[PDB]
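Please read the structure below before turning to the comments.
Read-outs: derived from the displayed coordinates by stated rules, not from any lab. Cβ: placed from backbone, ideal geometry, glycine included. Neighbour counts: every protein chain shown.
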Amino acid sequence: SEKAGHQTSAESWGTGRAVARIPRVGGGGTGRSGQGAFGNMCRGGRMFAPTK
Amino acid sequence: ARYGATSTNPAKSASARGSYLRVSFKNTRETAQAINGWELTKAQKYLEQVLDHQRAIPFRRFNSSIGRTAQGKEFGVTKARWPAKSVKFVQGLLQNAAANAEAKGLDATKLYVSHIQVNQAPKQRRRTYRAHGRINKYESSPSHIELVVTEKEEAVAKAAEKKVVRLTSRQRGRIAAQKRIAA
Amino acid sequence: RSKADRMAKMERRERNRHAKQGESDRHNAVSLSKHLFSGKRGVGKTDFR
Amino acid sequence: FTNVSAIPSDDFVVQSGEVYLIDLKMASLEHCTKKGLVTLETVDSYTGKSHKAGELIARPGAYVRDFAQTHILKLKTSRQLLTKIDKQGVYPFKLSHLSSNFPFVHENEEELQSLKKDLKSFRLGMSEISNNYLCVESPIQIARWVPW
Amino acid sequence: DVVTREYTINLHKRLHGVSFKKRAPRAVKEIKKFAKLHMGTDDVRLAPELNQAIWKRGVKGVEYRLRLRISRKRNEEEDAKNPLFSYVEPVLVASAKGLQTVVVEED
Amino acid sequence: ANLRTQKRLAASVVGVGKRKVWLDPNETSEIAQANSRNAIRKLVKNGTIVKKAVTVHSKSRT
RNA sequence: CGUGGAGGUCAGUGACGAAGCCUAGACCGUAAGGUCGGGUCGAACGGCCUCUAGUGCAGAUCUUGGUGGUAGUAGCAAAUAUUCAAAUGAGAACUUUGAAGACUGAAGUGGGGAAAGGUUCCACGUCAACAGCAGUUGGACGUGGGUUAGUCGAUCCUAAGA
């Protein structure tokens, strides 16, 4: 499905002392707050070159 | 069930097991190491003395940054303590061990601890607070204790595994010559 | 009745392991802190004391 | 664990100096196809159980107090009747058994109606006693037969 | 061996150079240890009257020379420790000095 | 067992603070069983609880 | 050479234990690897000719989850503070009472309330989970009780405003 791996509002926090540059979903208390998305290296993220 | 190493027949031995007890795992480990290799009643009086706070449990594994005592010389080490909670827990463990030994009705006069086992348990993870609102772990170290007690029997003096001698032809000839000459 | 009591005693075990205050407490934990894992502590307006 | 001898059917030697009670009750056997079992079934007073052609509904009237438990209640009438039944002996009794006009020196209806007007408050206090734990209901049994 | 031997105690012996905040607790501990050493038992109990006497002057002003008596009592049944048992009891005197240990006969 | 509830109730029914209630350690079963205002009144009439009136605050030197 | 699947093929293998996993046990290949033996295992799985691909991780301050050493270390040090006896209780520095000492010193650690909080108030039985320590106790657990307005406030009126 085209919409897969898109229902997130993650933004990168920039270069950090001990945090990667992968965008992570904001907010707090969600459980996933601070976990990467939108990428193939993240849990539940989109797949590289989706099978169209 | 599924007891650990029982290097003996259960028909002549007794077993005890305690699981999920909120005790310091490292203290339990050192106490078990101290206890093992002794006799039941001797260990009982020793732990009673420890509770009375005159003798001490030595330190074997986790023995760093501990103040000196005046009575470690008994076992040759300079690190010892009196872990009261683990002491009373192993008191109960050995007490029920002796009780079930009496229940199974084997000779208690010659009962000594054969095997001991102290292992970790799933951690209890609390939630504490630190500077700047940090969240970190508060981990307890629950233990699992297993005791296997045996009655000391008499060792068999029979010597099995007799070797088989193979000798070359020259060696056999030399042996025969020595036999015929040693007269 | 004894069976139900045993079921409840067993069921509370998982929450006890999770160290929750009870069947009602469900306070989750955030993985990372926005105010503790970002920014550059340069001269001037510090991130915090 | 019940503090009873549990039918010590071996020792029943009769000895003098005492008294005995003999009470026999027998249940008739109507037309039954084969032998079964006769037992006793309690009776409630709520009518909410079921509907039967021979179902009985009745409120038991006999009550006793267990002196083992000591407790106080929250009603003046309850206190008064509790002390009155304390003065009364430890045996099953009926509510009407308590009456300042009980002896009935002369037969008429003013005494009866005064008795009823007292019995109303006595019934209320007895209900309070039952609501707390200061009495035991006297069960009413019906002999009923069930095949084995 | 139920005995009663009224001893004498000076606090200055064992309360010298101690924190002002814990004068009375130190006095209590020293009194119980003194009873232990001069009797040879395991269970020691204090008297409410003695507690009143020691605290009465003040938390940080306990009087030096206090007179006390120690009574041996046989422990009740189901006492896994021993029949040995010591109970303390205060008694006031006109003058702190001039008195020594005296055994009092049972009556 | 627990007697704080009885102490508070007795203080309220008497009209004084909860620090001004006296109890008898020798006789505690009755006070433990008592839990009503009438019970407290009857026991204080019996004299098992004292009023322990206000401490002296003299003004003679003043 | 290896992996998920497809088409055929070996009248393929399989509860007399297949896949998976552990193995200082044995063979073959220069190797990626393959075969076998041994232990647990409980339900499906391979070789051969081709086809097909989301197919071969040591890293990317990689993402998620789990766990180490530093370690029974730092630390559990503001508010001047506790003591004894009795009782309960398997078990008392902390629970209850009593006996003492204390402090808050009326712009209080009291008595009411306003915002807010929403059953925490209280009673009864109970303590595996929490009160960084124990708890026989609780603002914890389980079951219930409790707020009564012709006069108290809203509902009536109006300001800056909508």
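Residues whose amide H falls under 5 Å from that of D:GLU137, counting only those 5 or more places apart or on a different chain, are absent, with hydrogens built in the peptide plane. Among the residues of C:32-39, the average count of other protein chain beta-carbon atoms within 10 Å of the residue beta-carbon is 6.
Here is the P(r) of the protein assembly as shown: all C-alpha pair distances, binned every 10 Å from 0, give 2, 7, 9, 11, 15, 16, 16, 11, 7, 3, 1, 1, 0, 0, 0 in whole percents. What's the angle, to the nearest 10 degrees (0 to 90), between helix F:37-46's Cα axis and the longest principal axis of chain F? Once rounded, one gets 70 degrees. When the Cα centres of region B:1-17 and region F:1-61 are compared, how far apart do they sit, in Å? About 62 Å separates the Cα centre of region B:1-17 from the one of region F:1-61. Rounded to two decimals, the Cα radius of gyration of region D:35-78 over 2.2 N^0.38 Å is 1.88. With a 10 Å cut-off around each Cβ of A:26-37, the average count of Cβ atoms from other chains is 3.
Tally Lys/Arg at +1 and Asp/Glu at -1 over every other residue whose Cβ is under 13 Å from the Cβ of D:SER78; what's the total? Don't skip to the answer; put the middle values down first.
Working: positive: D:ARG65, D:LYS74, D:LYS76, D:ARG79, D:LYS84, D:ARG123; negative: D:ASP86, D:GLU128.
For residues surrounding D:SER78, the net value is +4.
For F:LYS20, the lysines whose Cα falls under 24 Å of its own Cα, not counting residues fewer than eight places away in the same chain, are E:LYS56, F:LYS7, F:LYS42, F:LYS45, F:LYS51, F:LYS52, F:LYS59.
Each part reduced to its alpha carbon centroid, region B:70-95 and region D:1-61 end up 65 Å apart. In summary, the convex hull built on the alpha carbon positions of chain A has an orientation-averaged projected area of 4.1 nm².
Considering just Cα atoms, how many Å³ per residue does the convex hull of region D:44-124 enclose?
On the way: hull volume 13.4 nm³, N = 81.
With only Cα atoms used, region D:44-124 gives 165 Å³ per residue.
Helix B:84-104 and the longest principal axis of the C-alpha atoms of chain B enclose an angle of approximately 50°. Fewest-first ordering of B:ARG126, D:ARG65 by other beta carbons within 10 Å of each residue's beta carbon gives B:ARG126, D:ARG65.
Close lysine pairs were tallied over chain D: pairs 8 or more places apart or on different chains with Cα atoms under 27 Å apart number 29.
Here is how the number arises for chain E: DSSP H runs of 4 or more residues each give -39500 (n - 2.57), the sum is divided by the residue count, and the result at 222 nm is -8000 deg cm²/dmol. In order along region B:173-183, phi translates into HN-Hα couplings of x, 5, 5, 5, 5, 5, 5, 6, 9, 7, 9 Hz, rounded to whole numbers, per the Karplus curve 6.51 cos²θ - 1.76 cosθ + 1.60 with θ = phi - 60° and x for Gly and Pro.
Taking 0.36 nm per residue of separation and subtracting the Cα-Cα distance, full extension of the segment from F:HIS57 to F:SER36 would add 4.1 nm.
Determine the shielding of peptide A:7-14 by partner chains: average, over its residues, the number of Cβ atoms on other chains within 10 angstrom of each Cβ.
Numbers: counts 0, 0, 0, 0, 0, 0, 5, 3.
Whole-number average of other-chain Cβ neighbours for A:7-14 is 1.
Round to the nearest 10 and give me the degree value, 0 to 90, for the angle of helix E:23-39's Cα axis relative to the longest principal axis of chain E. Once rounded, one gets 40 degrees.
Put simply, the Cα atoms of region B:1-68 extend 45, 24, 21 Å along their principal axes, the longest span coming first.
Ranked by the mean number of other Cβ atoms within 10 Å of their residues, highest first, the peptides D:43-49, E:10-16, B:88-94 come out as B:88-94, E:10-16, D:43-49.
Please get the size of the charge dipole for the protein assembly as shown, origin at its Cα centre, with Cβ charges of +1 on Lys and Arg and -1 on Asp and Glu, quoted in debye to the nearest 20.
Numbers: 114 positive and 56 negative charges, 1230 e Å.
Roughly 5900 debye for the protein assembly as shown.
Quick check: Cα centre of region E:21-100 to Cα centre of region A:21-52, how many Å? Cα centres, region E:21-100 to region A:21-52: 73 Å. Hydrodynamic radius of region F:3-51 by the Kirkwood approach over all distinct alpha-carbon pairs: 10.5 Å.
Using a Förster distance of 22 angstrom, determine the FRET efficiency expected from the C-beta separation of C:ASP5 and D:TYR133, and round it to 0.05.
With a Förster radius of 22 Å, E is 0.45.
Taking a straight line from the alpha carbon of B:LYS12, these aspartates and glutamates sit under 15 Å away, with near neighbours fewer than eight places off in the same chain left out: B:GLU102, B:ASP107, B:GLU151, B:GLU153, B:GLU154. Which residue, B:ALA84, B:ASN63, B:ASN36, has the largest displacement toward the positive end of the dipole of region B:19-84 when charges sit on each Cβ (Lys, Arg +1; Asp, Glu -1)? It is B:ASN63.
Within chain E, the proportion of C-alpha pairs whose separation exceeds 22 Å stands at 33%.
Taking the Cβ of each residue in C:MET7, D:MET126 as the centre, tally the other Cβ atoms inside 10 Å and list the residues starting with the fewest. Intermediate results must be reported in sequence, preceding the final value.
Values: C:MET7 10, D:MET126 21.
Fewest to most other Cβ atoms nearby, the residues stand as C:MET7, D:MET126.
Highest mean packing comes first when the peptides C:18-25, B:77-84 are listed by Cβ atoms within 10 Å, giving B:77-84, C:18-25. Sorted ascending by nearby beta carbons within 10 Å, beginning with the fewest, D:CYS135, D:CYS32 become D:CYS32, D:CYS135. Cβ-Cβ distance of C:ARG49 and D:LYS87, R₀ of 56 Å, FRET efficiency by 1/(1 + (r/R0)^6): the value works out to about 0.10. Assuming charge only on the beta carbon of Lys and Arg (+1) and of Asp and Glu (-1), the dipole of chain C about its Cα centre is about 80 debye to the nearest 20.
Which FRET efficiency, nearest 0.05, do A:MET47 and A:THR15 yield, Cβ-Cβ r, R0 22 Å? Kindly include the intermediate steps, with their values, before the conclusion.
Values: r = 27 Å, r/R0 = 1.24.
Approximately 0.20, to the nearest 0.05.
Placing a label point 7 Å from the Cα of C:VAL30 along the Cα-to-Cβ direction, no residue of region A:1-18 has a backbone N closer than 13 Å.
A simple packing score, the average count of other Cβ atoms within 10 Å per residue, orders the peptides B:50-59, A:21-30 as B:50-59, A:21-30, with the highest score first.
In plain terms, if you count all Cα to Cα distances in chain D and split them into 5 Å steps from zero, the share in each step is 2, 6, 11, 13, 13, 13, 14, 12, 9, 5, 3, 0 percent.
In the protein assembly as shown, the DSSP beta bridges split such that about 95 percent are antiparallel, to the nearest 5. GNM on chain B, C-alpha springs below 10 Å: top fluctuator among B:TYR129, B:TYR112, B:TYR46? Of B:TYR129, B:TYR112, B:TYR46, the most mobile in the Gaussian network model is B:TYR129. Taking a ≥ b ≥ c as the square roots of the eigenvalues of the Cα gyration tensor, chain B is prolate, since a/c reaches 1.5 or more and a/b is larger than b/c.
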